[PDB]
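First comes the structure, then the notes that go with it.
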Amino acid sequence: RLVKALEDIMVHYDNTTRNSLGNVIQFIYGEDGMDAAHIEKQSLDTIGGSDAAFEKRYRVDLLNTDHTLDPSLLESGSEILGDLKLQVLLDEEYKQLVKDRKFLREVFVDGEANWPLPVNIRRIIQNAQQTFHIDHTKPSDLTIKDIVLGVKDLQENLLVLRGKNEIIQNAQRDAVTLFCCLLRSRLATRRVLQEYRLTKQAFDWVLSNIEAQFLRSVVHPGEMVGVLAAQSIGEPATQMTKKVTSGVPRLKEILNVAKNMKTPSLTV
Amino acid sequence: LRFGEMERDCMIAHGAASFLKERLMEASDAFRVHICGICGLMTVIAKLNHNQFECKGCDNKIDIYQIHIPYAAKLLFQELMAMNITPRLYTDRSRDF
Amino acid sequence: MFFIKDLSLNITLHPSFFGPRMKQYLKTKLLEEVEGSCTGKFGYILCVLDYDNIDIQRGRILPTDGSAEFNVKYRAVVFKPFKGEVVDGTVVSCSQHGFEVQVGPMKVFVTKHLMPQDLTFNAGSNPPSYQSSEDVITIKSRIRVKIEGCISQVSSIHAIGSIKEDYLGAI
Amino acid sequence: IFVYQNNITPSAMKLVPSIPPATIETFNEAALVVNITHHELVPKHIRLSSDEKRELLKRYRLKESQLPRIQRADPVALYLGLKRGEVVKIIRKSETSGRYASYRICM
Amino acid sequence: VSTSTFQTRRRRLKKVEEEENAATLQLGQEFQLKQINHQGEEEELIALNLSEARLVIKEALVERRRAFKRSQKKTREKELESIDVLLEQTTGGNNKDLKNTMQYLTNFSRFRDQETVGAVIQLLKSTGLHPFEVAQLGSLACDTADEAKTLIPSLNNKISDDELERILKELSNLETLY
Amino acid sequence: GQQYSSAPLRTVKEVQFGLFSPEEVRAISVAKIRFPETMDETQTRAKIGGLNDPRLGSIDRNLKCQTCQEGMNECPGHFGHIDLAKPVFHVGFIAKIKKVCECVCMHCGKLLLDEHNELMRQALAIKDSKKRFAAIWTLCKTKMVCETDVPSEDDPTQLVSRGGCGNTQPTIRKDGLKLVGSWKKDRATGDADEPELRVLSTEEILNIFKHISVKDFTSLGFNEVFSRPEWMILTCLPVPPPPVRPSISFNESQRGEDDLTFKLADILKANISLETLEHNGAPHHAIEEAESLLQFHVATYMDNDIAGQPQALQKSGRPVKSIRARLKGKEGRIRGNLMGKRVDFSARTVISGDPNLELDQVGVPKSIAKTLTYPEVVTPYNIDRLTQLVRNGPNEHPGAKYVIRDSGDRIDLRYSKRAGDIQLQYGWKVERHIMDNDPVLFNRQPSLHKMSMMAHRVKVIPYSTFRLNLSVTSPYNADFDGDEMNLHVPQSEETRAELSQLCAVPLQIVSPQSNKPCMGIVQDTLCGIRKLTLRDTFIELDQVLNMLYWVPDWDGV
Amino acid sequence: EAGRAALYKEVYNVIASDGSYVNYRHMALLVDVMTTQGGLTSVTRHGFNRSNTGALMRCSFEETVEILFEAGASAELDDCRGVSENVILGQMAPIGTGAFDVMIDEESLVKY
Amino acid sequence: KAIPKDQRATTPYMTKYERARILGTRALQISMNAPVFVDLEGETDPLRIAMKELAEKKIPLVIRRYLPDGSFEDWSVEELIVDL
DNA sequence: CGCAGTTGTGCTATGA
DNA sequence: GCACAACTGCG
Ligand SMILES: [Mg+2]
Ligand SMILES: [Zn+2]
Ligand SMILES: [Zn+2]
Ligand SMILES: [Zn+2]
C-alpha cells in the first residue's frame, strides 16, 4: 500500500514534488531540496550554553581593549583596535549570530543542537588544516572584511532553486535558512581566527569546498522519491518486534486512518 | 525467473527506466500489434507483405500505426473488449498539462 | 489545379549516419521517399521545392535502439485531380471501349459512351481511332476532358472523363 | 459574524445566504473560548489577494487543482473567513530548512 | 510512414461525414481556401496554372542542381530535350511521374516567359476569384465568356459575362507564341 | 522474430476508455458466430464456419489465419460477434443501470430533477463526472413523480410547465440480474397501501435509456461518443478470438478447448433456445425462462463470482473461470502478468560468502555463465575477439551460443554445419557468454529496498554457488543458511550503463533511508578488527610483510 | 496543518520506538501525501485509490476490474503520465533516466 | 512550448540520470557503428569511448528537460557541468 | 431530516 | 477476520 500510494511521486526539473496529475505534494523536496545520502548529523553551536560563553565564543569588540582579537591572531590586529567602520561589521556579525540563536531556539524548542544537515563543515576545516599545515602559532593574513564579507558572498552562491522572481527567490532563501545558520555558526570572525587559525588561502579553499559540496548535496530532478520514501518507511517496519498500541498495529492504525483507534490518550 | 511486482518497485526507486523496459519487454512479453488511428483498437488487418493495412468498420487504409506493447497487455485489452469495454489506444494527445 | 502544399515526413536515421553529412543524407532520403509519391490525400507529390532550405529540426534519439527520428518539415508541388475539373491532355491508349488521355502524371479514360453519338470507333485503323463526321481521335490527338470521377489506386489516381458536353473534346 | 450561545434553528440558518454580496458567519461561543490558532501545532496561515494567487500559479506553472487544498470548514479557514478559491500561504518551521512555505487553496 | 500537413484536426472515433469532392468549389479537407504553413501563419491556398506550374519545378530543380554541385566542391521541342537533362541531373529517374509532368507542362504551357506569367497573375489575381478558378483560367484557353463559365462552372454569377470576357481578351494577347 | 511492417511506429500517449456500441461490435467483427460447435467439419478435423475461425484467428500452428495471413506469432486475434436474441444487462453495470433508472423518468427519459431545483443546479455544477452523478443520484432517488409543472424560479404562485409526462415512479430494488420496481399508484388518494409489482424488462430500460437526452446523460457520468447509457445493456456480443481462449491441442486427434470457448457455446446454445422459442409458438413463460438463462450465461461469462450464489459450475463441479477472475490481482493479468513478469536472461542459485571477492563483484558459476548470454554487435573494436569466442563455441568458457546476421536470422553454433568456418560481418550480433566484469543485477527476495537489487561485476567461478562479499550481506538481508538469490543480465549497452552508472554496489554504499551507510565490516572481520587493534597486540616482521603484500594498493613502503 | 504535524509525530514515534531512524523527508512525504488532498486520505483501497490518477494505474492495486469497468462506463481518459501505465504499456517510463528527452543537434555534430 | 535560452531555470549541472542516459546513448550508438568524435586512444569499449567523448565534451547530444506543465528547456552536453 | 444499526464487500508478505 | 462503506429505518 505504501509503494502503491506513492510510486508516481518524483522531483521535477523545478525542485517541485509531484505525481501523475502534476499535483504538488511538496514545493521543495523534504523542505530543503537535498538528496538524503548527502546529509550528516551536525551540531548547531549557536543554539545552547550560557549567553556568557556564547559571547566568549562569538563576540569581537575592536573598540574594547580586553575584547579585540589579539595581534597574535592576525597581522592587522594592532591596526584594528578602534576601527569604528570595522566594529560596524563585527556588530552586524554578532547581531546576526544573536538573531540566528533566537531562531534556532524557536525551531528546535528542546534546545537540541545535533541536526542532520548537508556539507560536513567540521571535516572541511579539518582537511584545510592538514592540507595547508596550519600553524597554531603564526598570525593569520585574513582581514576582518575578508572573513565577514567572504561568508556573506558564500551564502549567495548556495543554490537550490534558481528562478528570477520574488516567489522563487524567497523559496530559495527559506529552503537555505537553517544551513546558513550553521554556516555563520562555524564561520564567525573570532572562531575562524582563534579556533581554526586559517590563512586567507586556507579560508578561501574552505569556502570554495562548502560551495561546491553544497551544490553536490541537492536532489536530482528525476529522483523517484515516491518509492524511495515508501521503501524507507516500509523496510524498517519489517524489522519490527503508560501502555499505548505500538509498532506494526499502530502503524496499521495510522495508515488505515483508523476511526476507532485502540489506545487513545490526551497529554494535558 | 520472476521480475515480480516488488522488483519493479526498486527498479523505479533506482530511476532505471530503460533497464525496467528491457526487463519487461525485450526479456519477456514484447509484442507488435497494429492499431487504428480513428478508434484506437487492434482491429487492423495487417497483411504486412502486400502492405495492406485496413480497419474495416473504420473504412481506414491510411491512419494505421504499429505499437510495441507486452503481449499480456494486447491480451488484457482483448480481454476488456470481450467484456464490452473499449480501451482505445491513441498515439497523440489532446488534454495538455 | 496543381497545388503547392507544406507537408512533413518523419525519418528515422540509423546511428551509423550520425556523421557530418547527416543533414545531406536526411534531405536525400526525404526526396527518395517523398518524390514521385502518390497519396489520395494529397495526390501526386512531384517536386520538393527549396532543397537548400529544408527544415531538418532536431531528431529525438529513440529509446531502446540508437536511431533518431526527425520530422522533416517541407513544401512541394502536388497534383490532385478533381471530379468536375476540366483538363487538356493527349490521347495514349484507344480501343473499342474508349480512349485513355494523359494529363500530367495521371491517366483519364473516356468511355465509348462518354463521347457523342457521331464519334464512332474505327477498328480497321492503323493506329486505332475514333471517327466523327468532322473529327478524328487516334493517338497523338490532344483533347479537352471533364473529369467525371476519380479512383485513388495504390501509388496513382485514375479518372473517368467526358467529352460529351459543350467546349469539350478534340482541340 | 454571529456569535450564538447554544444553537441556531435550521429556520434562521437558511437566512445566511439570503443577502449577498454581504456574507454571514456563524460561530458557537463555546468553540471560541480557546483560540485554536495560538496552538503549538498550528502554523501561520496567510490570505492571498487575487493578484498574489495569480502570481503563485503563474510562478509555479500551476492549475488550481494541482495546489494542496484546505477545506472550507478547516478551523483556520473559518478563522480567516476563507472563501472557495482563496489561497493561504502556510509558514511552518522546518527541521531541514528552518522555514518552509506551503500553499493551500480553499474548498 | 506517409506524409502529414499543417492541418492538425483530431476526428476522435467519429469516422466520416467525408464530403464528396467536386469543382462546386468543394475541394478536400487538405485543399481548403484558408490554411496553415511551417511558420504557423494562415495563408491562402496555392494553386498553379500550367507554366506558372512548369516554372516552379524548373526553378526548384535548378537551385537543387546548384547545391548538388556546390556540395560537390568539397523553344518548346528544344526546351523539352533541355528539361529531360535537368531531370537526369536532379531527379531519381524512378520518378517517371515528374518526367511525364514536365513533358505535359512543356507542351501544354499557355505562357512560356516568366515576365508574361507574372503579368497573367496580376490580371487574374485582381478578380477576387477562388484560387482554383484563377488557376483554371490561366491554364485552360477560352474565347466566349460561355466557353469559360461552362468549363469553370464555379464562376457563374461570380463574374460579369462582359468583365470575364475582357479578361479572356487580355489573356489571349499575353499568350506566348511558339 | 516478427516481420517488418511498413506501419509508422509510435507510443500510446492516451488510453481513451469507452463502451462498445452494438454497431461497432458488428462492424469490427470478421465473423458471426452462429453455431456452438467448435470445429470438426462434422468430425472432420478443421475449424467450423460457426465458432472459432468462421473467418476469426487461427489454430493448427501451420495453416494461416483466414482474414490477415501472417499466422500464430504475428496474428493477434480477429474479433467476432453473436447477435443476441434479447437485450441483456452487463453483469458489471447492473448497479449503475439501476442508479441511472433511479435518476431519470421511466416513461419519457427525462431527468427527474433539473436546473429548476436549487440543490439540483448545485449538483449539476459539480465538475467531476463521478461526484456529479453521485450527488444527482442522491437528489433524484427521492423524486417519485416526473414533474409536469414545477413552481417558477421566483414565485410558487405561478408554475412553469418545465417538462412533459406526469407518471408515478417505481421503487427499484434488484433481484439478482433482475430489476423489479414497486409503483406508488393513487386509488382515491390512498394507494399504496398495496402497490403494483412487476419486473422491468431489459428492453424497456433500454428504450428509456435510448430516449435519455444527450445533455441529461452528459450531466450523469456519460459521454455521447464513448459511453452512452444504452451501451451498458448488451445487444451484440463480441466474440474474443482464439488467442484469448486457446484450444490446447494436445497430440493430433484430441481438442482441449478453453473455459471461455465453453461458456460462449453455452451463451450461444441459450440464445438459440430463445431465438426459436419466441419466433415459433411462444408459450410466453418459457420465453422469459430462456431469457433469464441467456442473461445468466452472459452474466457468468463476464463474472462468475457474483452475490446471488450459483457458481455456474463446469460439468466437473469446478466453477467456470470468468473473464473478471482472469484480471483479478496477485497473479492474473494486471498484477501478475503485466506489473510483474517471468523473464528470460535470469538465473538463481544458493549463495555462499567469499572473503576474496571485492565488495562490488559476484561469483557466477561456469554453468550459469555458459547459459546466460550477451548480444554483442560486431564492431571493428571487438570483431577479432568475437570471432575467437564464436570459434571457441558454446561449450568452453569464453565462447558464444548464437550468431545473428543482418538478415535477423539465428545461427546455432551448438549445431550449425558452419560453426567452424563462419566469417562475422560488422553489424551482426554475437550472443556471447556472460564474461567476467559484466554488469549484472543481483537480487534477494523480498526486495523492500533500492539496495535489495544491486549491480555487481561478474567473476566466473567454479562450483555451483553465487559467491558474494560478506559486507554486502546487510542490504540484501542474505545469510548462507541455504538462501538463494536472483541474477538478471542486461541485454543493451544502454541498460549496462543504467546498472553501472546508477545501481552499482559502490554507489549504494551510503543509504538515504537513514542518511548513513548501509554496509559495514561484519562478523569474522568485525570480531578480528578489535582483536588486532588492541594495544597488547603486536606483529613480528615475518607476518607484517605478508599482511602488507595482501593489501593490493600497498605502496611498497 | 496541525493534523499533518500530529500525523508525522505519531508516524515518527512508531519508527523511533523500534530504535530505528528514518530521515525526515520520507515520513514527511507520506504524511504530506495523506494531507494535501484536503483532510486525511487513507493509505487504503478507498483513499489514495480514490484520486483522479490514471485508471490503468489504479486498477493495478485493489478494485482491478471494477476500476476498469467504471473507466469505460464514464469514458475515462488515461494520461499515461503515471509509472504504472507505462509498465502496462511496455513503454519507457518518465522516471529518472526517462524524465527528459535526448536529441542529436546537427550543428554541434558538424562542429566536432 | 519551449523555454528560450535566455530564460532557462533548471540546474546548470548534469543530473545523475542525465549522465547515465547520455553515456548509455553514446555507448549504444558507438556500438551500432556510429561515428566517434574523439581520438580513441586505443579504446575499444563503447562505454569507455563514450566516457572519453563526454570528458572531452565532444558528445553532440541535447537534453530536452521537460517541466510539469509540458514546456521544456533544451540543454547541451557541452553546456552542462559534470560535478558528479 | 439525522444518526444508530445493519447489510455488504474487498483485501489478507515473497520467491521454488 | 477485520475495517470500512455503502445502505436503510425509526426517533
Ligand atoms: Mg536465511
Ligand atoms: Zn478503427
Ligand atoms: Zn489474422
Ligand atoms: Zn416523464
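List of remarks:
- Nearest-20 debye value, the protein assembly as shown charge dipole, Cβ charges on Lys, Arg, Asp, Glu: 2260
- Near C:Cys47, the amide H atoms lying under 5 Å from its own belong to C:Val77; only residues 5 or more places off or on other chains count, and H is placed 1.01 Å from N.
- In this label model, F:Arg55 and B:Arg2 are separated by 4.3 nm, measuring between points 7 Å along each Cα→Cβ vector.
- Distance between the modelled labels on F:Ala286 and E:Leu177, one decimal in nanometres: 9.8 nm (7 Å Cα→Cβ projection).
- Distance between the C-alpha centres of segment C:121-153 and segment F:69-114: 58 Å, rounded to the whole angstrom.
- By the beta-carbon count within 10 Å of each Cβ, the least crowded to most crowded order of F:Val320, G:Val102, fewest first, is F:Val320, G:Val102.
- Positive minus negative residues near F:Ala497 (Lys, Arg vs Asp, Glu; Cβ under 14 Å): -1
- The simple spin-label model puts a point 7 Å past each Cα toward its Cβ; for F:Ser152 and A:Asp204 those points are separated by 8.9 nm.
- Fully extending the segment from F:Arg26 to F:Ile248 would add 77.1 nm, taking 0.36 nm per residue of separation and subtracting the current Cα-Cα distance.
- Distance-filtered residues of segment F:75-96 - backbone nitrogen under 17 Å, label point 7 angstrom along F:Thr276 Cα→Cβ: F:85-86
- Per-residue Cβ neighbour rank within 10 angstrom, fewest leading, A:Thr238, E:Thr106, D:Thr26: A:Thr238, D:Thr26, E:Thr106
- 10 Å Cβ neighbours from other chains, averaged over peptide A:178-190: 1
- Whole-Hz ³J(HN,Hα) from phi, Karplus 6.51 cos²θ - 1.76 cosθ + 1.60, for segment F:520-531, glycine and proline x: x, 7, 10, 6, 2, 5, 5, 5, x, 5, 6, 2
- Three-way shape call for segment E:13-52 based on the alpha-carbon gyration tensor, with the a/c threshold at 1.5: oblate
- Chain G - percent relative contact order, Cα under 8 Å, separation 6 or more: 15
- In this structure the amide hydrogen of B:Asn60, modeled in the peptide plane, comes within under 5 Å of the amide hydrogens of B:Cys55, none closer than 5 places in sequence on its chain.
- Charge dipole of chain A (Cα centre as origin; +1 on each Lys and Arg Cβ, -1 on each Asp and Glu Cβ, all else neutral): 1180 debye, rounded to the nearest 20.
- Segment C:1-67-segment F:448-486 distance, computed between alpha-carbon centres (Å): 51
- Residue (of G:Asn49, G:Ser74, G:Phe100) at the positive-pole extreme of segment G:23-112, dipole from beta-carbon charges: G:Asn49
- In order along segment F:378-395, phi translates into HN-Hα couplings of 3, 10, x, 5, 6, 3, 4, 4, 4, 5, 5, 5, 4, 3, 3, x, x, 9 Hz, rounded to whole numbers, per the Karplus curve 6.51 cos²θ - 1.76 cosθ + 1.60 with θ = phi - 60° and x for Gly and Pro.
- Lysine pair count for chain D (Cα-Cα distance under 21 Å; residues 8 or more apart in sequence or on different chains): 12.
- For the segment H:6-15, counting C-beta atoms of other chains within 10 Å of every residue's C-beta and taking the mean gives 5.
- Vicinal HN-Hα couplings computed from phi for segment C:94-106 (Karplus, 6.51 cos²θ - 1.76 cosθ + 1.60; Hz; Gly/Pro x): 6, 9, 3, 7, x, 9, 9, 9, 7, 10, x, x, 10
- Long pairs among F:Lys98/F:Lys127; B:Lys56/E:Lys96; C:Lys29/F:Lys429; F:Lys32/F:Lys210; C:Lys73/H:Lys52, criterion Cα-Cα beyond 29 Å: B:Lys56/E:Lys96; C:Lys73/H:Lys52
- The mean number of Cβ atoms from other chains found within 10 Å of a Cβ in peptide G:31-41 is 6, as a whole number.
- On Cα atoms only, tilt of F:259-279 relative to the major axis of chain F in degrees: 10
- Within chain F, longest stretch free of exposed GluC sites (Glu not before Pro) [DSSP loop, at most 16 other beta carbons within 10 Å]: F:397-539
- As a proxy for reagent exposure, ranking A:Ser72, A:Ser217 by other Cβ atoms within 10 Å from fewest up yields A:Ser72, A:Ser217.
- Using the alpha-carbon positions of segment C:5-56, Rg (one decimal) and Dmax (whole number) come out as 12.0, 36 Å.
- Shape class of chain D from the alpha-carbon gyration tensor: oblate, with a/c at 1.5 or above and b/c at least as large as a/b.
- Under 5 Å from the amide H of D:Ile105 lie the amide H atoms of D:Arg69, D:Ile70, D:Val88, each residue being 5 or more positions distant or on a separate chain, with H modelled from the backbone and absent for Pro and chain starts.
- Short-range pairs are left out: with C-alpha atoms under 8 Å and at least six residues apart, the relative contact order of chain D is 24 percent.
- Percentage relative contact order, segment C:34-170, counting C-alpha pairs under 8 Å, at least six apart: 23
- Highest to lowest packing among C:3-15, G:87-99, scored as the average C-beta count within 10 Å: G:87-99, C:3-15
Bear in mind that the values in this text are calculations on the coordinates, not laboratory data. Reconstructed Cβ throughout: ideal geometry from the backbone, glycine too, with neighbour counts over all protein chains shown.
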